[PDB]
Amino acid sequence: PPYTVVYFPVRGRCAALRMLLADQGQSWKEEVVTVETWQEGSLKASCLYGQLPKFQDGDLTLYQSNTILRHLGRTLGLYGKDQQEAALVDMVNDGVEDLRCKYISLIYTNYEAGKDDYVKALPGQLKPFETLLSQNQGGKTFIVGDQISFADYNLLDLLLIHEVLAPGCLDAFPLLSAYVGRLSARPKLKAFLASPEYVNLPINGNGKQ
Amino acid sequence: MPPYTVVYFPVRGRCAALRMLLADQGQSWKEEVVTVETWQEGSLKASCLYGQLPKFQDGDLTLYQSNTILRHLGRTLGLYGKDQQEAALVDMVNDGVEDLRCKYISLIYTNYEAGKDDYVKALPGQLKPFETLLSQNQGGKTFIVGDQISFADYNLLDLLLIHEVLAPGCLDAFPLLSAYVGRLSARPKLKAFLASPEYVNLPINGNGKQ
Ligand SMILES: N[C@@H](CCC(=O)N[C@@H](CS[As](SC[C@H](NC(=O)CC[C@H](N)C(=O)O)C(=O)NCC(=O)O)c1ccccc1)C(=O)NCC(=O)O)C(=O)O
Ligand SMILES: N[C@@H](CCC(=O)N[C@@H](CS[As](SC[C@H](NC(=O)CC[C@H](N)C(=O)O)C(=O)NCC(=O)O)c1ccccc1)C(=O)NCC(=O)O)C(=O)O
């Protein structure tokens, strides 16, 4: 620390890492960049891949949302108990990211024409996470092992945004449904999820969800 | 029997980098090849976590997701930076490689004919960040992060090799990336692997485009 998040005024790709920071009792600074400021161009040019989020951890400057999650996971002990679990955490996170990618493509490039097919395909896209839960302590703890990992925060966000896109999408999945409820009730996270800081930001940048 | 098994289609694709890594690190592995006809039968696919390959076995640990495999071999073989800060930098590089890889995969499989001109025009802007990273690490003379090779080097190396095939001369604009490709490619175990039929006789992609 100290931590700084630099991003647009949306949940988007910072939603998970914010949940992580809040639930872990960490303090951070939000540096909000408006689309108008972004269009000026100087900040963009300074960014490694010309994109946000940008993250500061003292003198360390990071880009890439999953890089930031993994860094926080590594430094805060949210990356499994050992190498085997770390691999499983990665495997979950990479699966979350694949579905997030599809979600983002839909939202920004093909929402109207593409939504019906996306929603019909969604159960098949969620099932692997239900299966993973079913294979770990009967779904009663976390997505990997006995302690929370960065992948839990990312999967939780993925599930929350999909409940908005396709209400009822988890009804067929009892372990996932219970998992969302349980994690969302963790006291610090619950307070964050209730706060205007979360509630009053849109999920995406284009008014679609 | 080797403790590593790679289960994939008969293509370089998303296994090229992890194979280079294993070869360059002198690790033994087994290749289990899945034909497109075998895949269509559906049972293997149904058994894969996300319905896709590669699948990788390290003893009884079964992994899916190409970057998960890279990170796993990175941790277990000591190719993930010297400390926590370097490990984050290695991740930042690999995540950048995979963004460009994704763009490349979309071009190859969904829009090659119509998209290629635009893609190659945009390519220097997409490679520049890696040249910038090289320029800020020991003048580009060693690796992408730090002074030891990482899994991100093998992934970046593969990304660069396949782009030279797509857009020959694309690294002429980037002297550090150019020298880097030559340098890593000359590492003895890797050089042997890259020249071997095991590598050369597989196509880069599954649809004949490159
Ligand atoms: N015409 C598009 C604009 C281009 C675009 O960036 N499209 C996005 C979806 S826009 As979103 S998140 C903001 C974005 N950052 C990233 O994509 C980082 C990805 C990285 N792999 C990571 O995980 O960190 C960004 O900074 N864009 C600026 C730029 O490139 O100039 C949003 C939109 C508006 C307001 C707030 C947030 C895309 O397809 N990304 C791919 C991905 O997420 O992997 C448009 O209309 O928006
Ligand atoms: N909707 C279809 C998907 C079809 C598809 O796979 N499209 C590809 C390009 S085809 As290539 S790589 C072989 C593959 N695995 C992956 O894509 C895993 C991606 C991942 N995040 C990772 O890093 O591991 C696959 O299993 N395809 C078959 C399938 O999905 O049933 C190839 C090589 C040799 C022979 C044929 C094809 C795509 O666009 N992938 C995206 C990406 O690579 O990130 C469906 O699933 O039914």
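Side chains are part of it too, since the values below use all heavy atoms of this structure and drop only hydrogens, waters and symmetry mates. Chain identifiers are assigned alphabetically (A, B, ...) following the order of the sequence lines, protein sequences preceding nucleic acid strands; residue numbering begins at 1 within each chain.
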query: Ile143(A) and side chain to side chain contact (heavy atoms under 4.5 Å, CB included): which partner among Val89(A), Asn154(A), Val92(A)?
result: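 It is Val92(A), the one option of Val89(A), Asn154(A), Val92(A) that forms the side chain to side chain contact (heavy atoms under 4.5 Å, CB included) with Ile143(A).
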Does the side chain of [Y] come within less than 4.5 Å of [X]'s, by heavy atoms?
X         : Y         : answer
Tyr118(A) : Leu165(A) : yes
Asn94(B)  : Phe151(B) : yes
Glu97(A)  : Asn66(A)  : yes
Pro54(B)  : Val7(B)   : no
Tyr179(A) : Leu155(A) : yes
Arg71(B)  : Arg70(A)  : yes
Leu133(B) : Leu176(B) : no
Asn111(B) : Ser106(B) : no

Donor-acceptor contact below 3.5 Å, side chain [X] vs main chain [Y]:
X         : Y         : answer
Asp152(A) : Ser149(A) : yes
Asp82(A)  : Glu85(A)  : yes
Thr75(A)  : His71(A)  : yes
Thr67(A)  : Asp91(B)  : yes
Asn207(B) : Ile108(B) : yes
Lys44(A)  : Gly50(A)  : yes
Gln26(A)  : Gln24(A)  : yes
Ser178(B) : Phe174(B) : no
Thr132(B) : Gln136(B) : no
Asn204(A) : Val10(A)  : no

task: Evaluate whether atom NZ of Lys141(B) has more than 12 neighbouring non-hydrogen atoms of other residues, nucleotides or ligands under 6.0 angstrom away.
output: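 12 or below, so no.
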- prompt: If you draw a 6.0 Å radius around NZ in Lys209(B), do more than 12 non-hydrogen atoms from other residues or ligands fall strictly inside?
  reply: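 Enclosed.
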Check: [X]/[Y] side-chain N/O donor and acceptor closer than 3.5 Å:
X         : Y         : value
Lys116(B) : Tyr112(B) : no
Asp98(A)  : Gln65(B)  : yes
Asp146(A) : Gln137(A) : yes
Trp29(B)  : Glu31(B)  : yes
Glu41(B)  : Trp39(B)  : no

Note: [X]-[Y] ion pair, threshold 4.0 Å (strictly below):
X         : Y         : answer
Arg13(A)  : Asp95(B)  : no
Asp116(A) : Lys120(A) : yes
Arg186(A) : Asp23(A)  : yes
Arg19(B)  : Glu198(B) : no
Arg75(B)  : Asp58(B)  : no

query: Pick one: which of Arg12(B), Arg101(B), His163(B) meets side chain to side chain donor-acceptor pair (under 3.5 Å) with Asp158(B)?
result: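 The side chain to side chain donor-acceptor pair (under 3.5 Å) with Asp158(B) is passed solely by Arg101(B) among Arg12(B), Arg101(B), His163(B).
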task: Run the numbers on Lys55(B) and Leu63(B) for side chain to side chain contact (heavy atoms under 4.5 Å, CB included), then give the verdict.
output: CA-CA 6 Å; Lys55(B) 168 181 179 190; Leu63(B) 303 176; over 6 Å; no
Check against side chain to side chain contact (heavy atoms under 4.5 Å, CB included), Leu100(B) and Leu127(B): CA-CA 9 Å; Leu100(B) 184 51; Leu127(B) 298 177; 3.9 Å; yes
message: Can you confirm whether or not the ring centre of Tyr64(B) sits under 6.0 Å from the ring centre of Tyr50(B)?
response: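 When the ring centroids of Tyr64(B) and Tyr50(B) are compared, they turn out to be at least 6.0 Å apart.
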field: Smallest separation among heavy atoms of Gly115(B) and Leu107(B), with atom names
entry: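 That would be C-CD1, 3.6 Å.
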task: Kindly determine whether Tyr103(A) and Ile161(A) satisfy side chain to side chain contact (heavy atoms under 4.5 Å, CB included), including the steps that lead there.
output: CA-CA 9 Å; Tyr103(A) 172 91; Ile161(A) 66 180; 3.6 Å; yes
field: Reported OG-to-CD1 distance for the pair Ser66(B) and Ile69(B), which is rounded to 0.5 angstrom
entry: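 So the OG of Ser66(B) and the CD1 of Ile69(B) are separated by 6.5 Å.
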